[PDB]
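For reference, the structure is listed below as structure tokens.
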Amino acid sequence: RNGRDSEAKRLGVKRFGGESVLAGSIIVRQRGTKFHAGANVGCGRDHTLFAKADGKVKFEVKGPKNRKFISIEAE
Amino acid sequence: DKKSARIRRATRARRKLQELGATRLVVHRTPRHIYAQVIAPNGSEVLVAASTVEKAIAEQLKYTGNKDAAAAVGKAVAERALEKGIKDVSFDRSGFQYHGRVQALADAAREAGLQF
Amino acid sequence: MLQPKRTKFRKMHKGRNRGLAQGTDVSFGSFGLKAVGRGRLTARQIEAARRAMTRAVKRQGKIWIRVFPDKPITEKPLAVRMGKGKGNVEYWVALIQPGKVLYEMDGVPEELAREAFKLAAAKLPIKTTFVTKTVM
Amino acid sequence: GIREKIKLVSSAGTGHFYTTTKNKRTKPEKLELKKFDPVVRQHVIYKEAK
Amino acid sequence: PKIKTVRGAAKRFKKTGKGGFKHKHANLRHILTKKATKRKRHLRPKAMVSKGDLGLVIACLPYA
RNA sequence: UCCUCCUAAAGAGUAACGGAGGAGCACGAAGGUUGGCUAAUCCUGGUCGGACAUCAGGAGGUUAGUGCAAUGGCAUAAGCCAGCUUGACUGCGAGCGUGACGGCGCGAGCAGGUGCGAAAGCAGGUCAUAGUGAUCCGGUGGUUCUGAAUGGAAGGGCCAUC
């Protein structure tokens, strides 16, 4: 009675650390918030992370819970 | 714990101001000697501070830690900030209800030039 | 007939038996039977070997079983075409890698221990050897 | 799908309307939301209707 | 005989200056209550025919 | 047909009559904002009351909860309570993700007019991911856009919707 499946949602990181992006570009597609928005990064209703400014994207770990953050520096 | 509850209360506001990147007027209230501080957006340096703990401001008001004290400190921060140059700031409750002394300090500050 | 209780899933993938054994040392008794070859032992084989030693030692000493099946195996019924879903679970097997200690034992002389293990190994499908508890 | 669709008609003379859904079994009374009417470019009261 | 235009195609595609074709979006006819205003708003303007199916459109209406 | 996990070999994708489960909704509030709060499970004392109602204290730190299966996420709580409310708004939309295509998804910002707050600010539905059906034909309301001699009308077109 098996045989059912769902179409893959093509999640994952779209832009990796150290590459320039344009404002509004999608950086990470995720179900929850595995990565939290940092500086110049906005979070969508579906927890999508997009660039709010033009620059280089970088990843880092911050906070007491060592949770991962994505930031953008104007470079 | 009173402190733990207060920090938890103000964490969301502090984070919101931090990511917004704007100078914030932070006020600390106690049974005596209400404090006030102006913090740069990075959060690493204090632009200017005032309070009723120093004799320069504690030599006039009858008692520190009342409505009159809050107005004096709220006023005191004003001309200091205006003299420094910074005009616009974001008020931070720091987990204190914006009802009594905190409101009086803010009301004195806003009417003294630090509109926000 | 060792078998788990209320396992999470009825069926599981075939997998592979690559790698190397972890429980390679005697931990409970003073003598043990180490696995030299690689393969899988069914629940029936484990029961048969256990009965052989208990009779050999005449219920003297202690017996430790260091392997549990915890892996169902299916088998299609005779005269059944390929497909139409996974087969039904038939028996449970334990994957054995070289160096795995199968049974442990204590409370008997070394001489009597050797024959007891030899009888058990005669009813197992994998090459085995006799080992003694080491000091550290 | 017991929930059924309704029409919200602006209190102004304009014919603009909104469309939504509601459950008549639980909340049989009318709906009086205050929404924006672009024909007059003002926020007005919208009444439920068929 | 001269080629016959596909009349159904001629009622759904209009030719543009650079040889492209504009068509109406195909999800704004009915069942509109459950749709977000954002999706309905974006479907209102006319859109250009994709490259892959452009060749099919050319054959359907060789005259227009 | 659609959703979640595994198979799937640490980007994405990836088959089988392979292994497990769900959906064809619900909610004018379960939405928006402002203010406040922080579980499960155990130990001790206490009427009915008893292993398991409610009260007090202690260990515990989220094993709780999150309208609905699963995964990811959630203390700044996305979890729980209350006040005021309709941003579940209109016209757009830089720039991206995803598809052979039809299409689907995210979105800063601008104009108009609103709600909450002293304010910075938040709000273009709901913690996210299922709750859905192209085109044709026809119905309803608005709009002189058109209306085949002229002035109208019928019928079409455009917009909203069935």
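Lettering of chains follows the sequences in order, A, B, ..., and the numbering in each one begins at 1. The analysis underlying the following values was restricted to heavy atoms, covering all of them including side chains, and did not include hydrogens, waters or symmetry mates.
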Touch check for [X], heavy atoms < 4.0 angstrom, all strands: base, sugar-phosphate only, or nothing?
X         : result
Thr19(D)  : sugar-phosphate
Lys40(E)  : sugar-phosphate
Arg67(A)  : sugar-phosphate
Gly83(C)  : sugar-phosphate
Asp107(B) : nothing
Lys65(A)  : sugar-phosphate
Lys27(D)  : sugar-phosphate
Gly12(A)  : nothing
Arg1(A)   : nothing

Ignoring hydrogens and angles, answer whether the base of [N] and the side-chain atoms of [X] contain a donor-acceptor pair closer than 3.5 Å.
X         : N       : result
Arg10(C)  : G19(F)  : no
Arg110(B) : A118(F) : yes
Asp5(A)   : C6(F)   : yes
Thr20(D)  : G28(F)  : yes

Output the rounded distance in Å from CZ (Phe17(D)) to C1' (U140(F)).
8 Å
Given a cut-off of 3.5 Å on both distances, is [N] paired to [M] by Watson-Crick or G-U wobble rules?
N       : M       : answer
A56(F)  : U140(F) : no
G97(F)  : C104(F) : yes
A128(F) : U71(F)  : yes
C27(F)  : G125(F) : yes
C48(F)  : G117(F) : no
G50(F)  : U33(F)  : no
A12(F)  : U44(F)  : no
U47(F)  : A134(F) : no
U90(F)  : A111(F) : yes
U144(F) : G113(F) : no

Over 12 foreign heavy atoms within 6.0 Å of [atom1], [X]:
X         : atom1 : answer
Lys76(C)  : NZ    : yes
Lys11(C)  : NZ    : yes
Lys127(C) : NZ    : no
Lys67(B)  : NZ    : no

Under the 5.5 Å and 30° test, is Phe9(C) stacked on the base of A20(F)?
no
Side-chain N or O of [X] versus OP1/OP2 of [N]: is the shortest distance under 4.0 Å?
X        : N       : result
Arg15(B) : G121(F) : no
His36(A) : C74(F)  : yes
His47(A) : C106(F) : no

For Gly44(A) and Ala106(B), take the nucleotide of RNA chain F holding the closest heavy atom to each; which residue's nucleotide lies nearer the 5' end?
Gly44(A)
Pairwise 5' ranking along RNA chain F for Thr11(B) and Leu31(D), keeping only the more 5' one
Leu31(D)
Identified pairing partner of [N], criterion: Watson-Crick or G-U wobble below 3.5 Å:
N       : result
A30(F)  : none
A59(F)  : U41(F)
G107(F) : none
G21(F)  : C3(F)
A16(F)  : none

Less than 4.5 Å apart, side chain to side chain, heavy atoms only: is that true for [X] and [Y]?
X         : Y        : value
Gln30(A)  : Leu11(A) : no
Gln97(C)  : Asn17(C) : yes
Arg101(B) : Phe96(B) : no

Let's see if you can work this out: which of [options] has an atom nearest to the side-chain heavy atoms of [X]?
X        : options                  : answer
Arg29(E) : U76(F), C106(F), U135(F) : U135(F)
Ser6(A)  : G87(F), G72(F), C3(F)    : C3(F)
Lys84(C) : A118(F), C106(F), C17(F) : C17(F)
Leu33(D) : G133(F), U126(F), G28(F) : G28(F)

Could you work out the separation of [N] and [M] based on their [atom1] atoms and round it to a whole Å?
N       : M       : atom1 : answer
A88(F)  : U4(F)   : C1'   : 27 Å
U86(F)  : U33(F)  : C1'   : 11 Å
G93(F)  : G105(F) : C1'   : 16 Å
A148(F) : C104(F) : P     : 39 Å
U1(F)   : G28(F)  : P     : 35 Å
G151(F) : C89(F)  : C1'   : 43 Å
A77(F)  : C81(F)  : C1'   : 15 Å
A94(F)  : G115(F) : P     : 30 Å

Sequence-aligned protein contact record of nucleotides 90-102 of chain F, with B where the base is within under 4.0 Å of a protein heavy atom and S where only the sugar-phosphate is:
SSBBBBBSSS-S-
Looking at the angle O4'-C1'-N9-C4 for a purine or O4'-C1'-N1-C2 for a pyrimidine, is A118(F) syn or anti, with syn meaning within 90° of 0?
anti
Under the rule syn = chi within 90° of 0, otherwise anti, which is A9(F)?
syn
Sugar pucker assignment (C1'-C2'-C3'-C4' positive north, negative south) for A30(F)
south
Based on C1'-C2'-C3'-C4', put the sugar of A88(F) on the north side (positive) or the south side (negative).
south
Here's one to test your reading of the geometry: is the NZ or CZ of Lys7(D) within 45 degrees of the ring axis of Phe17(D) and under 6.0 Å from its centre?
yes
Ring centroid separation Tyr46(D) to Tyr18(D) under 6.0 Å:
yes
Check for me whether the distance between the ring centres of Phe59(A) and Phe35(A) falls short of 6.0 Å.
yes
Which heavy atom in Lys35(D) sits nearest to a heavy atom in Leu8(D), and how many Å separate them?
CD-CD2, 4.4 Å
Using the side chain to side chain contact (heavy atoms under 4.5 Å, CB included) definition, which of the options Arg41(E), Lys40(E), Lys35(E) pairs with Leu28(E)?
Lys40(E)
